[PDB]
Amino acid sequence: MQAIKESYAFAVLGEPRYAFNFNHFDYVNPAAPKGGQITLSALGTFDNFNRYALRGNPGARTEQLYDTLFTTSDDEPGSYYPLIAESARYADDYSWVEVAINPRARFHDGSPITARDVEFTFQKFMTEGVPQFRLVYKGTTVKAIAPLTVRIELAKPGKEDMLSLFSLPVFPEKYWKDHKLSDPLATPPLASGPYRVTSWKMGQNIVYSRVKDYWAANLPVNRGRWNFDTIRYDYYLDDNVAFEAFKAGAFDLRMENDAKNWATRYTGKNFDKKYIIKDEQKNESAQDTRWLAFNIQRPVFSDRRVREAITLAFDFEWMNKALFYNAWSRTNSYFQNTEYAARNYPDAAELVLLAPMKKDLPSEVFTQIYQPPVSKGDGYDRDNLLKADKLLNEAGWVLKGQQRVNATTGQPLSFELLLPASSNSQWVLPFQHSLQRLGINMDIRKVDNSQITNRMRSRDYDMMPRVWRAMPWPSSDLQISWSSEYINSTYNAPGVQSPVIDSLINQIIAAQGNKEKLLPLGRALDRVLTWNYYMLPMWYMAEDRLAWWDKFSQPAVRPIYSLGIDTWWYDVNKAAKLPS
């Protein structure tokens, strides 16, 4: 007989940490007091409240308006605990699940959350949501089989596809029947989570208020969290004006991403009087990485040799020494600072995966360890710039006077770097200068936060900066960013459609939830994405650099996978010592 399990917790790999006697997370103070305000910054602008629309610039925190069936811990890579759901019954292969809904679950108007709301929400995403949703869940059904029981059926085993539906926002049918999911919202929707939007000024600020009768305030996943009565976001057009406003006391907390600020500008009266706390902690976890995307769909970047040559022109060791107080580490992996990074020679298991595709792979996948270019540190590395010239000439881009031109057509080699106006970009003129010394013209275009969002989504760029978010294991979400059928998802930055990538990702999906198969699959995929030079690696830091006005207290333990600001509380005794 097929075996049916019942559980209150789930993990993508291995067992959940809080599987027995779960009262509260290890990284909270269960007795944290309620009250007070935290004021935060955001860069750019916003114009609507619907995170799920096909267009628009959504407001800060609008991805957290709704509770979900299960919620994740912040000290584990992928573990799920009860929120709207109480429990689930499931097939051994996770191809079906029956979820029991908490009878106390409520929306902000005091109306119940039911199995019918879950069924409605799935149909709303399938018919009006972003196009990738109906592709991923093709063949899946979600049905209310009793008032408080929802049954999910997949056409294939997909542990991770099931868990992903546990994170879907649960929408109220009584509100959303009257609004298309694809349209931006000028006013906040009817919602359910521990904070509600109570005031705003479009493009300028959003104010969230704590829901003081929140139905789920005493569930284990919520104990010690959501302590502030008010969370306010103020918008700034660039990071320099934001930093000066922080030091003047206009907002309470700053994550410092600029090396020169951290090294030289945490000075003055407010630091002398210890009104502002500075904190640096090592992070030993998966790391967000910075890259410059090449649009490989445009002729200028269609040849791997030209992408290799432009990468050789980027002098990281000079930038880190001259500009950035040797603060940064070079990006070198799509699984940075994990066991899945390809930092050794391929082993026998990786060669079984890669050998059949040898005709469609760079030879170095088999013979070398991927290493971004290293310079002497002076801006004029002779060996790297001579190699760039060699590759450009082979690709048919040759010097005529001082400019590089196509050997067949005479067209100059030129491209546009698209940048947010909001960013610190001290690296951009140095890179322009290096390219000019190779005869390559790079035009710089700085644009506002609405324009960068629209053009990033449509791939209307030659080159633009992208962040590759930390991925602690090779997830089935990789298909959205890299597989051919998901090219228009807004997550495929280079525009790649490769049968090699498609094959490795199909094998990762088939190995969902199996770590021993996923280790060589992740390393094999890392080698294909890095050796093709689809993006130009920039930098990362495995340290979190934070500063705050001294009005807060924190639990003794910080979570591994987030900063845990939602565990902080307002400390009336510390706050009393600050200027008013």
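In this text, residue numbers run from 1 along the sequence as written.
- Higher mean CA temperature factor, per the PDB entry, when comparing 525 to 533 with 36 to 44: 36 to 44.
- According to the PDB record, 273 to 281 carries the higher mean C-alpha B-factor of the two stretches 273 to 281 and 327 to 335.
- Of the candidates 377, 495, 172, 129, the one whose C-alpha carries the top B factor in the deposited record is 377.
- Comparing the listed residues 392, 355, 115, 300, the entry records the largest Cα B-factor for 355.
- Per the PDB record, residue ranking by Cα B-factor puts residue 424 in the highest third of the chain.
- When the CA B factors of the chain's modelled residues are split into thirds, the value for residue 293 lands in the lowest one.
- Among the modelled residues of its chain, residue 512 has a C-alpha B-factor that falls in the highest third according to the deposited record.
- Among the modelled residues of its chain, residue 543 has a C-alpha B-factor that falls in the highest third, as given in the PDB entry.
- Sort the chain's modelled residues by C-alpha temperature factor and residue 320 lands in the middle third, per the entry.
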